[PDB]
Structure formats: C-alpha cells, structure tokens
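J.: Experimental structure and sequence below, a few questions after.
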Amino acid sequence: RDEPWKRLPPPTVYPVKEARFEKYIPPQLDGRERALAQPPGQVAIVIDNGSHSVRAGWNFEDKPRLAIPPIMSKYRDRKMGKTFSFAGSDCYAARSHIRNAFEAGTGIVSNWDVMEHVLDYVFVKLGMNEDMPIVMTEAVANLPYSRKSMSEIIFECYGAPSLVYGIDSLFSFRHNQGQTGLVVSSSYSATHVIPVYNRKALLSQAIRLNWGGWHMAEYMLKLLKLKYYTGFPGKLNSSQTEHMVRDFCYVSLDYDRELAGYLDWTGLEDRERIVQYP
Amino acid sequence: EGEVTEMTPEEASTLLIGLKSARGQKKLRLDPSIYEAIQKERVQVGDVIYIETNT
Amino acid sequence: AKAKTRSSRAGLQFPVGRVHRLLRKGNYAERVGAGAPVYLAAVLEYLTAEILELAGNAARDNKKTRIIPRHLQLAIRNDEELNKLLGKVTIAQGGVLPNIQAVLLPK
Amino acid sequence: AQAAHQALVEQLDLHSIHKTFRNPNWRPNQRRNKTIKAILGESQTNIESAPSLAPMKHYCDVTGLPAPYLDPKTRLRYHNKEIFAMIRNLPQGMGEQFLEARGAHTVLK
Amino acid sequence: XXXXXXXXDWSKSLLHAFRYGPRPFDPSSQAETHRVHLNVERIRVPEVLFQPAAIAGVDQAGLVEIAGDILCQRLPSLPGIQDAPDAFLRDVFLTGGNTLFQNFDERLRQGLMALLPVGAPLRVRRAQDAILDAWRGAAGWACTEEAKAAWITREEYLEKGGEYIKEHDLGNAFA
Amino acid sequence: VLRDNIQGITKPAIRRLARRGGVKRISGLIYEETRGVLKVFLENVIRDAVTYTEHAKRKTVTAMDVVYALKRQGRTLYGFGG
Amino acid sequence: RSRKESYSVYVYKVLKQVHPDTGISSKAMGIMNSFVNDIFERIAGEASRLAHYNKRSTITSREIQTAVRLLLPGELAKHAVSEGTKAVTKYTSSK
Amino acid sequence: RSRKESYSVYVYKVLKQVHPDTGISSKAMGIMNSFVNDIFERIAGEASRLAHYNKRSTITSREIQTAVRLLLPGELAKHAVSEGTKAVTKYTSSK
Ligand SMILES: Nc1ncnc2c1ncn2[C@@H]1O[C@H](COP(=O)(O)OP(=O)(O)OP(=O)(O)O)[C@@H](O)[C@H]1O
C-alpha cells in the first residue's frame, strides 16, 4: 500500500527562533530633557523587575524604554589585556559566561552582583549624568532579606530620593480599571491567584502555583531530550524550546478526548509541527 | 442528573445533597423518606444519580 | 527505646550490621557510607537466592529433598552468567556436567 | 574582517563609560548570593503554596497518551506493547531519566 | 506468506508516528536528520497548569482547583465582606505573560462553571497588553497621592532601618 | 551514528596480524571470525571503561579507565599509567 | 569457647524463602558460605579500588553499585542492582 | 599541575648504575614506572592479605618477605629476599 504517503503534501516547515542579539546601541538622552521640563512631584522612573524581562522607563509615557533580560557577562582577554563586562541584551544569548540575577525557578533576587550591573546598565542607557523617585516591582510575599538588600543597593550604591515596592500583577489590575475580582496571573516564575476586594489585595490568602514559563521551557527541553532518544545531532538550548512553546502550544478544551485519539494516522499531517536546524 | 458532591445530614432527618453537573452544582433538600430510598441504593460519595423530584 | 535491626529496616535477611563491621575493619577505606552495607547485603542475598533456587530445582530432579554439592554444581555450570562468575572456582564434591562428544558416540 | 566584530565588542561595554553616579564610598559585602534554604535558615510568607488531595489521572511517561498500567521492573506507565518493547530493551541509564522527568527519581545519595 | 499472497513495517507502529510522523523514515540526509517533530508536546506542556500532579509530578493543585478552593471554601468563610459569589465573579481576568495561549480563558471558564453554583454571572476576560500592563499600572500609579503617602525617603531608610514597609494596598504585609 | 565500521578492520590488516603471529596460510572465513572476536573483545573492554568513566562522573573516557578495565579483565597494560 | 561467625542461619532463611520443602547438606552449606565470602571480598575490593581511583576516602552505595556492574555479568547484574536499589530505598524511607 | 610524581629519577639512577653509557626513551620509562607500581601493589596486597589471615594488624618486613616468596618465581625470589635482608640490615646499622 503506497496510499498513505503518495498524495501527502510537501511539508511546511518552521525554522528555529533562538533568542539572539539585535543590532542596537542607543544612548537615549531625549528622556531626561522631557523629564526635567515637567513640574516636580510628577516625575518618576518606573522599573518592572521582571524575571524574564526587566523593563524600565519614565512614568509620563506609554511604552517602556528598556526591556532587557537580567543576563550579564564579564571577561578578561589576555590576548588583548583588557577586562570586559557587558550586560543585558548585549550578550548574544559568541562567548557566554552568563549568570542571571534571578534564581532559576523562583522570582526572588539572590544574585546581587548581577542585579547591580543590570541596574547599572539601566541607569546608563536611560541617561544619568549627575535623583528621581523609583517605582519598582517585586514578587508576592517576598523574602525580607531580598528587600533589604535591594533597598541597600538603591540607597547606598546609586543614591535615590525615594523608592516604593509593589506587586506588578496588581498594578496591571489597577490599570485595567477593576475594583473587585480574582486576579489570576501566570508569570515567568510562578502563577499567582490573588483575590482583590475594593481595590485592596487580600494577601493573607493568595495562593501561588509553583509552575511558570521557565518550567514550561525546562519541561519541554526534558521531553525533547527523552523523545529523540538515540541522540539528536543538535544543540538543545532552553531558550529555543521556550520559543517553541511560545508559538506551538495551546491548552486543549477537552483534554482526555483530544489526547487519546491524537496520534491516529488519519490527519496527523495537520497536527504535527516540524522544526528545522542548520 | 448529576454527581453527588456531599451527603450532609442537617438535623438530628433532612439531608442536603449537592448535585454537581458539568454546568454547575446545586443544593437540594431531601425529605426523610426519599433519603431512605437513596440509602437503600449504594450511593456513597461521588456517584452520579438520577432523582425524580415529583415521583 | 525499642531497638530494631538494620536488616529489618532494609527488608533483607542478610546481616547489615555485620557487613558494615567487616567493611570497616576489612581495610577497604577510611570511611564507609551508610548505603554500602544495605546495598552489599542485598546483592549477596539476591545471588544466594538465585543459586539456591536452581539448586533446589536440580535437587528436585534427582528426587532428593536435601541440596548437595552436586546440585550446586549442576546449578552453576548450566547458568552461563553464574558459570562465568565462578569460572575460576572449583566446587568440592560437585563432579562435572554429563557431556559426551558426538564423535565418541556409537556408529 | 573581524574589525566590525571587535568594534561591536568594544562599544558594548560598561567599563568603557565612566560611572558618573556610582558612590565610591560603598563597599560590597561577601555574605550575599545565598539560596532560599539559607535565607529561610536566617529567619528561623512564602508558605502559601498548597498541595492537593484528589485522584490523579495517570498518563504515559514515554509518550503522552493515556496509559492505564505500569511495570514491576522499571515502574513506567505505558500505553501498549510497542512501548513495552521499547521499555524492556532500552539502554541503561535512561529508565531512571524518565522518572527524573516525571519526578520522584530518588537518586542514590 | 509469498505463496499465500501470490495465492491470494513502520506504518503499523505508533512510535514512528510519534517521533517522525506519517511520512516515511529518515534516510540520514542533510536536512532530514536535523528535524524535531512535535505532536503531543503541543497539548501536554501547557496542560500542567491544570493537572500538575500527574503530568510533571509537581505535588500541588491545579489552577481550576485553586480557584475553586478560594471562591467556594475560603471567601464565604471570611468575615468583613458582603457577597462572596456575587462580587468576585464579576471580573476574573488573566494578567501574566504565560497566558497568551489559544483557548486558555475558556478552559478556566469551563472549570469554574463546573465548580460554581448555577446562575453565577461568571465573565472571564483578559488584560489588554498582558506583558506590558504590569509596567503601565505602576506608571499610572507612580505620581499620585497614595504613592506620595507611601514613599520611603532616604532619612526614613537611615532611621527606620532596611526592612521598613509602608503598608500600601498593593504591596505586601507590613513587618 | 555512522554506518558499519566492522569492515574497517580490513583484510590486509588481519593478514598482517597473522603474519606477526606467525601464520603462513590464512583461510577466507578467518577474517569475519576475527572481526567477530575483536568486536566481542572491544565490547567487553569498552563497557567496563565507560563504567569507570561514569562512576567518576566524567563525559570523557580517559586512558586510565582503559588501563583499569584491562587490569580487572586480567590483561595488564604498561606504558599509560597505573 | 571462642565463637566463630558464619552465614549459615542467613542462607538457611533464604533457603526457606525460596524452597520451603527442601533441605541442605553441611558440605553445601560450607560451599555457600565460602561463596558469599568470596563475592563479598570481590565487591568490597573493587569498591575499594574505585574509591582509591577517584581520591575518595569513603565507600558509599555508588561505589558498590559500580562494582556490581563491573563484576556480575548481564541480567544477573541488572537484577542485583534492582534488589540493591530497592533495599537501600526501603532502608532510606523506614528510619 | 598538582605535581604528578613517579619513579622516574630512581629508575634513571639504577639504569646509570647497571649501564653508565645507556639511555632510555620516554615510553620505556613509563613502562618501567608501571612495572614498579604493579609489583608494589601486588606485594603490598599479598602482604595485606597475609597480615589479615593471621589476625595481625601490622605489615612488617616478614609479611613483605613472605609475599616476595609467594610472588616472585624461582631465583628471582631468592636474590630479591637477599637484597632485602641486606637492606634492612644496613638500615639497622645507622638508625
Ligand atoms: N505570544 C505569546 N504567546 C505565548 N506566550 C508568550 C507570548 N509572549 C510571551 N509569552 C510568555 O510570557 C513569558 C514572559 O512573561 P513576563 O516576562 O511578563 O513574566 P514576568 O512579569 O517577568 O514574571 P515575574 O513577574 O515573575 O517576573 C515568557 O515565558 C513567554 O513564554
């Protein structure tokens, strides 16, 4: 029988979208000129301390200026005789001595020598040549030592008028013009469920599930490592599995019926999603 | 029709039954004689049942 | 304080404590882990069972209810792995396997 | 040829730009960069995670199909006899990695 | 069999369909061995949010079961609030970055419909700019009177210490 | 995973080995048999070598692993360590 | 009197477990004892050499397992590692 | 670096004793080293088993001598034993 693969169409294949660099170095100084023109009390620098993407900008705009990972990397070249240290998206993921400010699997900052350089990159690329208030995000039920160390880096290292911590999902609640509801927010590190009663979070009974997008990426990496069993000739990074999850995964409506008849021969050509490699 | 959610004897008599469907559960107060017809059947925790209200 | 044996906790029959003592005072290492005696006792007990089983079979074959060295020999020399394990081992009063070459057979 | 790459490495740098706002009086402490176990040991919040108690539908862990029965030798949920064949002739060192992916590997100490 | 067939492979096994697909085997070519096929991983990996204890072995509860535990067993038992089902079910919306999956709100709506009593006005929606509204909310909050009444200045850090908490209704509990 | 390689042990090589062994005339069915024996041998050695490598939690098979394997197999090898 | 230890009672218990209605001769008893002793010396020796090779001064269950993988051939080794892992796991659980 | 040592210099000295105008390659030197180490482990092992068999917790020169008598075949033993008894005598003539 030649029928099940004779009239079968040629495949439509998708390449690998690995999180590479991007050719931009802006020293944006047009924000301070607009920030010094506003009256006082209405100028503040807002930093979303996201585990996947730290964001930062000024409050009187709509899009954030900087959106970088917490990746940094430092080097010393003996063939050149110079110490390098660049951070953020400027790391290419050819050299990698990458260590992240967030602990892998939990949105609690415990790698402060990385977080200091990340904030350094933020204040450089925003433009600081000299004292603005800081609104900064954190995780739900944060450990006190992490908040103490973050406040110590804000006051002692840089020098700031004031800073204030908040939960970013509750900020997205307050921007979405809700009053009383049940905010379910699935982040990169953990999935929180927070009940809010008249613009007030009931944090005595919020529950965080210990699963997230990083766990998606790591579990996807483990299942592609165990599916292709006899050895796959290719570098299986975590980030390329994350970009596979971003554009090739969907939550099925009725799972136990969809699953058991999924690998049938009749129609597998349209369920299957295929990925090249160079 | 629906899945029994709880079997709670209220008075010490009347026994509430939550009937969970795929559209939503619903409380239900039973007479103390229809409960002795439920109890003759072997309904324990999460058996789906079919109660006629009238007959 | 209601003491219990380490063999009972490991669900074994072979003495864990004795094996641990022998490992300690056997000049094998300065220190020895806590998993080593239970693991070693487990392996020894398993091997013991595998031989005694086939030996019991060979004993049953000879209509005898007491395992003799001959039954042990028949058990080991038939099991290729056990034979390789005891290739340089001579079992006393075990005899040899009944094996006659085809060329020596009557015409 | 590599001069453009060298210029891209040179311009993307932190030490090339002078820190006009970093306080030089500050000195970093050594006792940082700890773990969650260490910070929880310092304070002896974040104990609001809750487990479950409900019947779980156990699926296969070789493939993703629903699997109704496991094994005595390797304790793997498996769908049918092809997956049983591939379980009983897999090379050693991977039958523990399936339980590592599912969890409760219990590696030796 | 040849005499029976004259008188009268991979396509049988599912493992070839699982690894490789309905097309025939890989002949060890250049652009054929370097391929990853995805069948079950599309719907198995984003399913761990709802059945965590079985797929990946995380010994916690599902998202539907957590939402039902909060809506049906804790909030009616909390004094100080008026309506536990009639208020919290008016707006359940989804915020975070790990949410932009196809058919994610509908699964949560069907789960809560299976849990809640009949007649609750359940309306599950999502935010407008899910990965960027977490910044915009603190952008709009940053220069108001409640934020001005919740800052920590430098001398307050010098006097009160390091772990000082202005109790705001968005931040964590004070200590 | 490459192709075959059991045929890499070519005919004139086996012939050379027989010459060093002191063999005047070689049969035709000797070569395949020799390939089999060498295969079994190399399997038995490499298995234990890789075992030693795994116990050391290394991804690179060292020479000392081979030496230990040969020594415990009963064929001590000089000129590499041990 | 100077008591001399032996593995007699243990191999007897094993015998009763696998074959409740069979016996054992004194000669075969001594043979089994010498067998268990020999394997003990083998595995412990190989484990010692393993510990010495990696500059370690402690023989844990890992060294024993690797030693069993090296000594016992094929399926015998597989079942051995299986029983060993079961025993050390059950011992780890039940304190 | 960790200062990887061997029996190089000693083998070279003895070589220049028995043959003043004769050298040695690197590979041959490594082989001689492996030989020395092998014999060392064999003699020390047999001596260890000797001490263990007699319930004695000390490896004296006696155990070493017996080990040589067991290991080295024929005249090789005899001469070796002599060369030992000589050495241990001289050591007791200046200590
Ligand atoms: N189009 C998309 N479809 C599906 N998922 C996406 C999409 N875009 C981004 N994501 C997911 O969103 C995640 C990033 O979320 P985000 O950065 O907002 O979390 P976060 O706010 O940093 O978390 P935390 O508040 O814990 O630091 C990534 O894991 C990515 O997989």
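T.: That came through, no problem. Numbers count the residues shown, from 1 in each chain, chains lettered A, B, ... in the order given.
J.: Helices along chain F, start to end?
T.: Applying DSSP state H to chain F gives helices spanning F:11-21, F:30-55, F:63-73.
J.: Nearest to chain E: which residue in the stretch 51-200 of chain A?
T.: Going by Cβ to the nearest Cβ, chain E is nearest to residue A:171 of the stretch 51-200 of chain A, at 2.8 Å. Where you see a C-beta, it was placed from the backbone N, CA and C, and this is true even at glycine.
J.: sorry, back to before: could you export the helices of chain F to JSON lines, including columns for distance to residue B:39 and mean neighbour count?
T.: As requested, the helices of chain F are exported to JSON lines (distance: least, Cβ to Cβ, whole Å; neighbours: other Cβ atoms under 10 Å in any protein chain shown):
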{"stretch": "helix F:11-21", "distance to residue B:39": "86", "mean neighbour count": "12"}
{"stretch": "helix F:30-55", "distance to residue B:39": "62", "mean neighbour count": "15"}
{"stretch": "helix F:63-73", "distance to residue B:39": "72", "mean neighbour count": "18"}
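J.: does chain E sit close to the helix or strand hosting residue A:256?
T.: Using DSSP states H and E, residue A:256 maps to helix A:255-260. Yes: counting by Cβ under 8 Å from any Cβ of the partner chain, contacts between helix A:255-260 and chain E involve A:255, A:258, A:259.
J.: for stretch D:44-54, same thing?
T.: Yes: Stretch D:44-54 reaches chain E (Cβ under 8 Å from any Cβ) through D:45, D:49, D:50, D:51, D:52, D:54.
J.: Verify the stated contact: the first one with residue A:140.
T.: No: between residue D:45 and residue A:140 no contact is recorded; they are 9.6 Å apart, counting by Cβ atoms under 8 Å.
J.: what sits in contact with each of those two?
T.: residue E:172 (Cβ atoms under 8 Å, 6 or more residues apart in numbering or on different chains).
J.: And the two? Which one has more around it.
T.: Neighbours per residue, other Cβ atoms under 10 Å in any protein chain shown: of residue D:45 and residue A:140, the larger number sits with residue A:140, 24 against 14.
J.: Tell me where chain D has helices.
T.: Using DSSP H, the helices assigned to chain D run over residues D:3-11, D:36-42, D:81-88, D:95-102.
J.: what does the shortest one rub up against?
T.: Outside of helix D:36-42, the residues within contact range by Cβ under 8 Å, 6+ apart are A:103, A:106, A:108, A:110, A:143, A:145, A:146, D:34, D:46.
J.: List just the nearest of the residues you listed to chain B.
T.: Set against chain B, the nearest of the contacts of helix D:36-42 by Cβ to the nearest Cβ is residue D:46 (32.6 Å).
J.: Contact partners for the closest one?
T.: By Cβ under 8 Å, 6+ apart, residue D:46 lies in contact with A:141, A:143, D:40.
J.: And the helices in chain E, which stretches?
T.: So, for chain E - with DSSP H - the helices run E:2-7, E:14-19, E:30-33, E:41-44, E:52-55, E:63-69, E:85-88, E:105-115, E:133-141, E:145-148, E:154-160.
J.: out of those helices, deepest packed?
T.: helix E:133-141 (a mean of 25; mean count of other Cβ atoms under 10 Å in any protein chain shown).
J.: just checking, what packs against it?
T.: Applying 3 or more Cβ pairs under 8 Å, 6 or more residues apart in numbering or on different chains; DSSP states H and E, one finds that helix E:133-141 contacts strand A:45-48, strand A:54-58, strand A:134-138, helix A:168-175.
J.: chain center to that helix, what's the gap?
T.: Taking Cα atoms, centre = their mean, to the nearest Å, one finds helix E:133-141 lying 21 Å from the centre of the chain it belongs to.
J.: just the angle between it and helix A:168-175, please?
T.: Put simply, helix E:133-141 runs at 60 degrees to helix A:168-175, going by axes from the mean of the first three to the mean of the last three Cα atoms, to 10 degrees.
J.: which residues sit against helix E:133-141?
T.: The contact list for helix E:133-141, computed with Cβ under 8 Å, 6+ apart, reads A:46, A:48, A:50, A:55, A:57, A:59, A:61-62, A:64, A:135, A:137, A:166, A:168-176, E:95, E:127, E:129, E:147, E:170.
J.: Restricting to C-alpha, output that helix in PDB.
T.: Output of helix E:133-141 as PDB, limited to C-alpha atoms (Å, rounded to 0.1, in the frame of the first residue of the first chain):
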ATOM      1  CA  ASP E 133       0.400  46.400  31.500                       C
ATOM      2  CA  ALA E 134       2.400  45.500  34.600                       C
ATOM      3  CA  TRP E 135       4.600  48.400  33.700                       C
ATOM      4  CA  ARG E 136       1.800  50.800  32.800                       C
ATOM      5  CA  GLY E 137       0.000  50.200  36.000                       C
ATOM      6  CA  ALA E 138       2.900  51.300  38.100                       C
ATOM      7  CA  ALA E 139       3.400  54.100  35.500                       C
ATOM      8  CA  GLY E 140      -0.100  55.500  36.200                       C
ATOM      9  CA  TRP E 141       0.300  54.900  39.900                       C
END
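J.: Perfect, I'm done here.
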